[PDB]
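Enquirer: Take this structure first; my questions come after.
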12 protein chains.
Amino acid sequence: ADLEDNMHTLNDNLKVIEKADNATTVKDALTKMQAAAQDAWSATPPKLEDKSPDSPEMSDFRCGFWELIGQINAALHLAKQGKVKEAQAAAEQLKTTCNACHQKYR
Amino acid sequence: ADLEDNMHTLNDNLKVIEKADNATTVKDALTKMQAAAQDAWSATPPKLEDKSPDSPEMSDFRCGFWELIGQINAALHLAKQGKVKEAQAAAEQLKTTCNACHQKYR
Amino acid sequence: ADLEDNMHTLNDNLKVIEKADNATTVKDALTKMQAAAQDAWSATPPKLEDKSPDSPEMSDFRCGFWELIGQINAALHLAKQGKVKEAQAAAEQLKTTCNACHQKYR
Amino acid sequence: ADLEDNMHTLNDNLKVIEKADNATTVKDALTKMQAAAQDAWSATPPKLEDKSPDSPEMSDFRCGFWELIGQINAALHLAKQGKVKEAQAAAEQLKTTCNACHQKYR
Amino acid sequence: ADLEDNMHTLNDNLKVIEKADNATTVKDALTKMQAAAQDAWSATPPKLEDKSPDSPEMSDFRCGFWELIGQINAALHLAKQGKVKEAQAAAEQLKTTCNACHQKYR
Amino acid sequence: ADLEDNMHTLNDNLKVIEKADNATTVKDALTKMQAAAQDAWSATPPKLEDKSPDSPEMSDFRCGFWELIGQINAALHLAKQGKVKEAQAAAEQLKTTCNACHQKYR
Amino acid sequence: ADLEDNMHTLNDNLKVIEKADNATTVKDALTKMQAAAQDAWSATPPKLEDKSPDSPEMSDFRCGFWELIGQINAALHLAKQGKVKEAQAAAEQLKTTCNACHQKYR
Amino acid sequence: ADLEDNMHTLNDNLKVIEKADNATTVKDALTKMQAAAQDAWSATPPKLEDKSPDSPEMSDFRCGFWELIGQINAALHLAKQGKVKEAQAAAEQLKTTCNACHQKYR
Amino acid sequence: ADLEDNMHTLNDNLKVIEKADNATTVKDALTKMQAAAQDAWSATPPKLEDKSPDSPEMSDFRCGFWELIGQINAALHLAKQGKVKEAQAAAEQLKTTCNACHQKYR
Amino acid sequence: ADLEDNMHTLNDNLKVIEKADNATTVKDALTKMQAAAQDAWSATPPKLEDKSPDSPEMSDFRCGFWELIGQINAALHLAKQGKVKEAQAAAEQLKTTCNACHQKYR
Amino acid sequence: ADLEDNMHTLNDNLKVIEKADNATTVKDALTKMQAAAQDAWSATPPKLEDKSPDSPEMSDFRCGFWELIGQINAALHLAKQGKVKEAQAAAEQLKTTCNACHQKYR
Amino acid sequence: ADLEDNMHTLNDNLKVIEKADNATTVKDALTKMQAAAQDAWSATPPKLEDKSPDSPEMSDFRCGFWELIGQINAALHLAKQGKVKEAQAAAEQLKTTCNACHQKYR
Ligand code: HEC
Ligand code: HEC
Ligand code: HEC
Ligand code: HEC
Ligand code: HEC
Ligand code: HEC
Ligand code: HEC
Ligand code: HEC
Ligand code: HEC
Ligand code: HEC
Ligand code: HEC
Ligand code: HEC
Ligand SMILES: [Fe+3]
Ligand SMILES: [Fe+3]
Ligand SMILES: [Fe+3]
Ligand SMILES: [Fe+3]
Ligand SMILES: [Zn+2]
Ligand SMILES: [Zn+2]
Ligand SMILES: [Zn+2]
Ligand SMILES: [Zn+2]
Ligand SMILES: [Zn+2]
Ligand SMILES: [Zn+2]
Ligand SMILES: [Zn+2]
Ligand SMILES: [Zn+2]
Ligand SMILES: [Zn+2]
Ligand SMILES: [Zn+2]
Ligand SMILES: [Zn+2]
Ligand SMILES: [Zn+2]
Ligand SMILES: [Zn+2]
Ligand SMILES: [Zn+2]
Ligand SMILES: [Zn+2]
Ligand SMILES: [Zn+2]
Ligand SMILES: [Zn+2]
Ligand SMILES: [Zn+2]
């Protein structure tokens with residue numbers, strides 16, 4: 001998957017997460033996100049095509065995915081316990097990371 | 001994944017395939033369509049919910065999926081061989097099986 | 001397992017599913033049922049031993065089994081989500097499929 | 001494997017089946033057929049190159065492989081029990097499906 | 001599975017074993033009996049709930065189950081060696097174990 | 001792990017189970033208790049080293065551990081079914097087992 | 001393996017352990033002893049065939065085997081920790097178990 | 001496991017590692033510690049629940065965990081080589097990392 | 001593998017990649033660099049041995065590896081797609097991340 | 001598979017390879033030749049049945065297979081790299097090892 | 001296992017195979033023999049410790065082992081087919097290979 | 001890997017072997033050699049590019065790798081027992097095979 005494909009995947013499964021009524025739908029959504037983020041953190045966004053890889057921009061970009069992956073895991077921790085409303089809340093809090101990286105680098 | 005979830009998956013991956021430039025991307029997108037159609041065949045569409053599980057439209061519905069699952073495999077055969085533009089021509093040709101079921105039951 | 005033992009398995013797990021009070025017992029009963037039905041779909045029933053493998057009755061006998069596994073998958077989908085009562089109700093609708101085969105071929 | 005390769009495989013292992021004197025030779029032959037049929041049912045025969053995939057010809061073609069796979073499984077059921085003569089008989093009965101599809105579509 | 005479910009499972013496979021005509025079928029019945037006796041040994045029978053788990057009754061009840069699992073393993077030993085009649089005679093013999101626990105705690 | 005390590009492990013997970021608010025957390029605590037009780041049953045307590053392994057003390061010490069592993073398995077049965085409160089009441093009950101062995105060999 | 005085969009296996013690995021000069025070799029000998037003692041505990045010795053499986057003799061015979069498997073597990077514990085001499089002294093000690101059952105049922 | 005239970009696990013295995021006399025106990029303690037720290041790196045500590053997921057404190061909290069797993073990997077590297085005392089000494093240096101996090105965030 | 005062992009691995013595989021003529025060779029060499037960098041991130045370089053595990057140079061060191069591990073994944077993404085000369089241009093570009101860390105800490 | 005069974009396999013797959021247009025087909029055919037030659041090396045040809053297992057013709061026979069198994073691996077190396085016409089030139093060159101053994105022992 | 005223990009294993013399983021009454025005991029004895037012979041083919045016998053690794057005697061010693069595994073594979077091939085007496089007779093021919101090595105090198 | 005790549009691998013790990021101070025470093029080095037030799041024995045050296053594959057040169061070349069693989073296994077046998085000095089000695093003795101094949105065919 002390219003970068004855009006993986007963003008589309010995270011976004012879709014985020015929508016599945018809010019629509020869900022049970023923990024298994026949520027669990028499986030989060031796992032697909034977890035795979036899209038893993039495939040994506042090594043990508044280079046078009047806005048950073050002329051930075052060296054070592055620049056603080058590109059390492060802040062990598063930092064955004066690791067923070068994203070951290071809270072995806074936190075949401076999965078809740079889902080695997082059956083706490084559907086608490087997982088949906090945790091998944092909502094994930095958008096702060098989404099937006100922060102979008103403001104700077106998208 | 002409910003039925004429309006998996007319909008959305010099929011649609012997204014049709015779009016990934018038409019724009020790809022390698023067989024790896026195409027292969028993986030096909031594999032996801034395979035997963036989606038397997039989760040979808042045992043579902044009752046809304047417009048068929050009041051007709052018996054034996055009825056010929058329920059048989060004709062689940063027959064449509066195995067025809068789809070067939071041509072996905074066929075396309076997947078071409079992609080596993082590196083034949084990327086023929087795997088893409090087979091994915092383009094998947095739409096007439098999509099339309100046929102849609103005209104009848106969507 | 002022979003055909004008669006698979007049928008007795010299918011029937012055992014309907015009682016299990018109906019008396020169940022949690023989703024784990026239901027998913028496991030529905031999993032054994034999928035096992036018994038997979039093994040039984042290739043069998044030859046006493047009253048069709050007379051007949052050709054490509055006869056209409058044998059093609060229909062087999063096709064009645066593809067529809068039972070279908071509905072068993074749908075009910076497993078609910079049970080995996082923790083919806084025990086929806087799972088119970090979907091399994092009770094399965095007896096439409098048992099009856100339609102029995103009338104023709106038992 | 002192309003379609004012809006897989007037909008050659010089924011035919012060879014069918015010959016191995018009649019030559020056999022033990023259940024393991026038979027079991028392993030049937031398993032190779034089972035894989036050739038799986039690889040083959042999504043193929044398009046030259047005689048159906050101009051039918052749409054949804055036509056009753058192509059779905060009857062798919063139907064022939066599923067009936068074939070059903071009795072391969074039945075033969076394997078016998079072989080895995082040690083019943084060598086009964087498996088060889090079941091494997092012989094498979095030729096009806098072979099011939100029926102050959103008459104129409106080969 | 002509760003205790004009663006696993007008892008019915010033991011019963012069913014005793015019948016399956018007596019009518020079997022090959023070793024594969026007895027082995028699988030013995031395998032399922034083993035899985036049943038393993039889930040059941042830690043359960044509490046209705047007539048021993050009013051009692052501490054370290055009482056000799058709970059100890060003798062668990063003792064009966066390990067006696068049963070040994071006789072199933074011995075029978076499974078013979079079945080894995082193709083001795084259908086010997087394993088069948090062994091399965092019949094362990095009825096003496098089922099009965100011993102029954103006129104005690106059932 | 002020595003015997004003392006596994007005792008501390010048993011103790012920790014009893015506390016974890018009493019404060020849990022979901023089934024996933026009790027199941028894992030029970031799973032770890034099982035792994036602990038399995039490593040510990042073949043150990044020799046300090047007050048039974050001066051003794052042959054076939055003495056009734058070593059036999060009753062090992063007897064206590066199999067009593068414990070049964071009660072953990074019964075509790076694990078309820079937890080796997082989502083019955084958090086029942087499994088929690090079951091975990092509390094097996095404290096009677098921990099104490100019985102303790103005022104004997106500790 | 002019959003009972004006698006597994007006895008010879010126990011004997012061989014006792015000798016292998018006494019002459020070993022490292023932990024890997026004792027661990028594997030203890031592992032094979034474990035596999036031997038597991039296959040053997042459900043067998044019936046020649047001098048206890050004239051007897052019901054719930055007699056104290058069959059119960060004490062099976063009791064001896066669980067005593068043995070515990071001492072092998074304790075020795076395996078030390079070997080996995082690299083304590084060759086301690087595991088070697090532990091293997092020698094369980095000769096007292098082999099002898100106890102022998103002047104009883106052999 | 002919650003954050004507090006993972007911390008109690010991390011602390012348990014430091015005592016295990018310090019009192020250990022072989023490399024197998026150390027590698028296994030260090031493996032449990034890696035488990036507890038992996039599960040805890042995505043948690044939210046009481047005193048930061050107030051705060052944004054992309055706040056400096058949460059980014060720092062997470063980053064303090066990447067350094068603890070790092071050092072735990074290094075100590076596992078030694079323990080896997082059988083260097084128990086070097087492994088013990090590397091683990092005792094781990095408390096620099098525990099302290100630096102506790103001062104800021106406990 | 002100590003730190004210089006894994007540095008040597010990275011260097012050798014950089015040379016394999018520049019001279020390869022297929023993506024399989026490049027893919028596998030990249031996978032080995034992945035393994036090497038995973039074993040290397042948790043190591044303390046000599047010139048940093050006296051600075052605290054918290055120090056910003058230790059953080060800046062282990063940050064450098066994840067930047068390297070990132071671009072290896074990125075190159076590995078291109079190789080898995082068959083893009084051999086672009087996977088090689090990405091491996092050529094890996095050197096500026098090598099130099100950057102070397103100028104600072106080698 | 002008896003010896004002539006596996007000879008037939010080798011022959012069929014030589015023909016698949018010469019006509020293929022991709023490395024996937026060639027790879028899989030080579031993998032099947034690998035399986036066939038592994039099953040075939042430990043067989044005694046008819047014209048060598050009365051010569052001792054030590055005899056130099058039995059040694060020279062089983063030496064011929066490892067020479068064949070070698071060049072199959074070598075061809076398989078080229079196919080795994082995508083070099084389809086060089087993998088096919090190596091498969092064409094396999095025949096001189098076939099002929100050499102045939103002239104001597106067929 | 002050392003060379004002498006592997007030989008004692010090889011000899012143990014010949015007696016097992018000769019006294020066996022079913023194909024399962026034979027296949028399992030022949031499997032242990034293949035294990036012992038695989039581990040022993042790289043050993044150095046007492047009377048060749050004097051000698052070079054590329055000496056004619058060591059090359060011959062090793063080559064005598066490739067022929068023993070060969071014949072053990074052939075006998076396993078029969079035992080896997082349920083031909084216990086043919087398997088027994090093929091194993092009794094194995095002692096030609098044991099003798100030829102012993103005369104030269106024991 | 002080409003032939004030269006694999007020779008470089010064996011040589012590197014041989015250097016790691018003499019530098020090592022523990023059995024795990026040695027074990028892992030030998031395993032990487034074992035894989036390089038496996039990948040290499042089917043190769044054709046430049047000096048034998050004009051020999052037929054069946055010539056005694058090319059089969060002596062294959063013979064050199066099998067002797068090499070035999071002693072790599074012997075060294076691994078020692079390493080897996082913890083005998084580091086004895087494994088380093090066995091690994092040193094391997095150079096005779098290296099040199100012998102280098103004199104003739106390199
Ligand atoms: C940086 C660390 C990011 C994080 C965290 C997330 N996204 Fe993102 N996103 C990012 C970039 C650099 C881009 C631009 C890609 C490009 O090719 O220009 C995007 C884009 C998207 C899109 C648009 C997809 C498309 O069709 O082009 C979507 C739908 C999207 N992003 C969604 C999304 C969600 C839901 C996230 C959190 C769960 C998220 N992104 C995080 C960079 C980063
Ligand atoms: C029957 C055998 C079908 C085949 C083959 C395909 N689709 Fe489908 N589709 C089907 C139904 C019954 C429905 C309605 C489902 C509902 O719950 O209302 C759909 C719907 C879609 C949608 C929209 C989903 C939504 O927004 O609710 C899409 C985008 C879609 N289908 C796409 C699609 C594609 C791309 C297919 C083949 C490649 C395809 N469908 C096949 C039934 C069937
Ligand atoms: C055909 C496609 C069938 C479907 C679907 C189901 N059943 Fe069936 N069943 C079928 C036949 C032809 C027979 C008779 C076979 C014979 O040898 O007589 C049966 C038998 C049963 C039985 C009695 C079995 C016995 O112990 O003798 C039962 C209890 C039974 N079947 C139950 C059952 C249930 C609950 C089903 C749906 C879940 C079901 N069957 C489906 C053919 C077919
Ligand atoms: C349809 C559902 C089929 C079934 C069932 C079987 N076969 Fe078939 N076969 C089929 C077709 C459409 C063709 C023509 C392929 C082509 O490229 O034109 C064939 C051909 C064969 C062949 C010839 C192989 C060749 O070298 O071209 C053989 C040997 C063959 N088929 C054998 C065979 C056997 C043994 C079957 C049952 C076990 C069998 N076929 C089933 C279609 C179908
Ligand atoms: C104790 C050590 C037992 C052994 C060994 C066997 N059985 Fe059992 N059985 C036992 C109890 C305590 C009960 C009552 C459980 C309850 O909840 O009431 C039973 C019951 C049965 C039943 C009746 C189930 C029903 O739904 O009516 C059957 C059919 C049964 N048991 C069968 C059975 C078989 C076949 C056994 C040996 C193979 C066997 N039991 C052993 C206690 C014990
Ligand atoms: C015997 C059959 C026992 C059972 C069941 C349980 N315990 Fe145990 N316990 C036992 C002994 C012989 C000892 C002494 C071991 C020694 O080496 O001295 C113990 C000790 C404990 C301890 C103290 C550990 C410490 O480091 O001080 C604890 C906390 C403990 N045991 C807990 C415990 C729990 C929670 C149990 C049930 C779930 C349990 N024990 C059962 C013997 C036996
Ligand atoms: C019962 C609880 C036993 C334990 C523990 C051990 N042995 Fe055993 N042994 C037992 C019996 C009933 C028999 C007779 C079996 C028969 O079929 O006659 C034996 C026999 C042996 C033998 C002789 C085998 C032969 O072929 O002659 C040996 C060498 C032997 N046993 C060894 C052995 C060892 C080494 C044990 C402990 C590690 C051991 N036995 C324990 C009963 C029991
Ligand atoms: C942050 C990155 C931390 C690291 C690294 C370590 N600890 Fe920690 N720990 C942290 C917090 C924020 C807290 C308090 C959480 C709360 O809910 O109050 C803790 C707590 C502990 C405790 C007490 C746990 C309890 O049972 O209440 C202990 C014993 C503890 N921590 C130990 C510990 C050790 C040994 C560490 C290094 C190996 C370590 N912690 C690292 C935050 C962080
Ligand atoms: C830090 C984040 C580094 C990155 C990225 C790379 N290297 Fe490295 N390298 C680093 C250090 C601290 C050292 C010194 C280690 C020591 O123990 O002294 C090295 C050393 C090397 C060496 C020589 C090793 C030796 O002979 O002792 C080589 C050949 C080397 N490094 C190569 C190399 C390559 C090819 C890299 C990227 C592709 C690379 N290094 C990255 C620290 C870091
Ligand atoms: C010895 C080292 C051999 C090598 C290399 C190959 N073959 Fe072989 N082949 C060999 C023998 C001893 C026999 C006779 C077996 C018998 O039981 O009579 C054969 C036979 C064949 C056959 C015909 C089999 C039959 O119909 O009975 C074929 C088609 C064949 N061989 C093909 C073949 C190919 C294609 C090879 C390399 C690619 C090859 N053989 C190698 C011995 C040896
Ligand atoms: C060389 C290639 C051999 C083959 C093939 C077989 N044996 Fe062997 N064996 C060989 C040697 C060099 C030795 C002596 C090693 C020593 O340290 O003295 C042996 C030894 C035995 C023994 C005695 C083992 C002992 O306990 O001391 C036995 C019982 C034995 N060998 C049996 C045996 C059998 C049955 C074989 C064929 C299946 C066989 N050996 C093959 C060398 C070789
Ligand atoms: C034949 C059976 C060989 C054995 C055993 C070993 N090596 Fe070798 N080596 C061999 C050949 C034919 C060649 C030439 C390759 C070429 O392309 O010309 C080599 C070469 C090497 C090299 C040089 C690598 C390079 O950069 O070209 C090295 C470092 C090497 N060989 C090392 C080596 C070691 C350490 C061995 C034993 C463990 C060993 N070789 C065995 C053939 C054979
Ligand atoms: Fe139909
Ligand atoms: Fe008792
Ligand atoms: Fe940072
Ligand atoms: Fe030779
Ligand atoms: Zn991707
Ligand atoms: Zn989408
Ligand atoms: Zn779904
Ligand atoms: Zn069956
Ligand atoms: Zn029943
Ligand atoms: Zn194919
Ligand atoms: Zn053929
Ligand atoms: Zn249960
Ligand atoms: Zn332990
Ligand atoms: Zn046995
Ligand atoms: Zn957790
Ligand atoms: Zn604790
Ligand atoms: Zn390392
Ligand atoms: Zn074969
Ligand atoms: Zn060994
Ligand atoms: Zn022996
Ligand atoms: Zn290679
Ligand atoms: Zn190198």
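In the structure tokens, the first chain shown is A, the next is B, and so on; residue numbers restart at 1 for each chain, and ligands run from 1 in the order shown.
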Could you name the residues that touch residue 5 (chain B) at 9 Å or less, counting only C-alpha atoms, but leaving out those on the same chain fewer than 4 positions away, as a ChimeraX atom specification?
Expert: /A:16 /B:1,9-10,36
Enquirer: Using only C-alpha atoms, which chain F residues lie at most 12 Å away from chain C, written as a PyMOL selection string?
Expert: chain F and resi 77-84
Enquirer: Selection from above, N, CA, C and O atoms, as a PDB file, in the first residue's frame, can you write it?
Expert:
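Saved the output as again.pdb:
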ATOM      1  N   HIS F  77     -13.159 -21.798  33.266  1.00  0.00           N
ATOM      2  CA  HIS F  77     -14.329 -22.127  32.460  1.00  0.00           C
ATOM      3  C   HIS F  77     -15.339 -20.987  32.487  1.00  0.00           C
ATOM      4  O   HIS F  77     -15.832 -20.562  31.437  1.00  0.00           O
ATOM      5  N   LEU F  78     -15.636 -20.462  33.688  1.00  0.00           N
ATOM      6  CA  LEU F  78     -16.625 -19.395  33.821  1.00  0.00           C
ATOM      7  C   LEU F  78     -16.127 -18.094  33.206  1.00  0.00           C
ATOM      8  O   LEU F  78     -16.906 -17.346  32.603  1.00  0.00           O
ATOM      9  N   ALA F  79     -14.834 -17.798  33.373  1.00  0.00           N
ATOM     10  CA  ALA F  79     -14.270 -16.570  32.827  1.00  0.00           C
ATOM     11  C   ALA F  79     -14.309 -16.577  31.304  1.00  0.00           C
ATOM     12  O   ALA F  79     -14.654 -15.566  30.684  1.00  0.00           O
ATOM     13  N   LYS F  80     -13.969 -17.712  30.682  1.00  0.00           N
ATOM     14  CA  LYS F  80     -14.037 -17.819  29.230  1.00  0.00           C
ATOM     15  C   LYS F  80     -15.448 -17.603  28.702  1.00  0.00           C
ATOM     16  O   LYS F  80     -15.616 -17.284  27.522  1.00  0.00           O
ATOM     17  N   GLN F  81     -16.462 -17.778  29.550  1.00  0.00           N
ATOM     18  CA  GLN F  81     -17.851 -17.544  29.194  1.00  0.00           C
ATOM     19  C   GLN F  81     -18.306 -16.149  29.548  1.00  0.00           C
ATOM     20  O   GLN F  81     -19.506 -15.880  29.509  1.00  0.00           O
ATOM     21  N   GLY F  82     -17.391 -15.271  29.948  1.00  0.00           N
ATOM     22  CA  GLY F  82     -17.794 -13.923  30.286  1.00  0.00           C
ATOM     23  C   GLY F  82     -18.446 -13.724  31.640  1.00  0.00           C
ATOM     24  O   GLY F  82     -18.875 -12.605  31.928  1.00  0.00           O
ATOM     25  N   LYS F  83     -18.506 -14.743  32.502  1.00  0.00           N
ATOM     26  CA  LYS F  83     -19.126 -14.599  33.829  1.00  0.00           C
ATOM     27  C   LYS F  83     -18.099 -14.079  34.841  1.00  0.00           C
ATOM     28  O   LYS F  83     -17.552 -14.826  35.658  1.00  0.00           O
ATOM     29  N   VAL F  84     -17.860 -12.759  34.797  1.00  0.00           N
ATOM     30  CA  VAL F  84     -16.812 -12.133  35.609  1.00  0.00           C
ATOM     31  C   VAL F  84     -17.073 -12.345  37.097  1.00  0.00           C
ATOM     32  O   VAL F  84     -16.176 -12.736  37.858  1.00  0.00           O
TER      33      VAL F  84
END
Enquirer: For the structure I just gave you, how does DSSP split chain L - specifically, which residues are alpha helix (DSSP H)? Reply as an NGL selection string.
Expert: :L and (3-19 or 23-40 or 56-79 or 84-93 or 95-105)
Enquirer: Using only C-alpha atoms, which protein or nucleic acid residues come within 9 Å of residue 73 (chain B)? Drop anything in the same chain fewer than 6 positions from it, and give the result as a list in words.
Expert: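 Result of the neighbour search: residues 30, 31 and 34 of chain B; 39, 42 and 43 of chain D.
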Enquirer: So which residues touch region 54-71 of chain J within 9 Å, counting only C-alpha atoms, skipping near sequence neighbours fewer than 3 positions away, as a VMD selection string?
Expert: (chain J and resid 33 to 34 37 to 38 40 to 45 48 51 74 to 76 90 to 91 93 to 94 97 to 98 100 to 101 104 to 105) or (chain K and resid 63 to 64 67 70 96 to 97 100) or (chain L and resid 41 to 43 53 to 54 58 to 59 62)
Enquirer: Could you check how far atom 27 (O, counted along the ligand's line) of ligand 12 sits from CA of residue 8 (chain I), in Å to one decimal?
Expert: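 Computing the Euclidean distance for atom 27 (O, counted along the ligand's line) of ligand 12 and CA of residue 8 (chain I) yields 16.9 Å.
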Enquirer: So the first atom is CA of residue 7 (chain I) and the second is CA of residue 35 (chain A); what is the distance between them in Å, to one decimal place?
Expert: 29.0 Å
Enquirer: What lies within 9 Å of residue 92 (chain D) using only C-alpha atoms, ignoring chain neighbours under 5 positions off, as a list in words?
Expert: residues 14, 18 and 87 of chain D
Enquirer: Distance CA of residue 106 (chain B)-CA of residue 52 (chain D), one decimal place?
Expert: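 CA of residue 106 (chain B) sits 20.5 Å away from CA of residue 52 (chain D).
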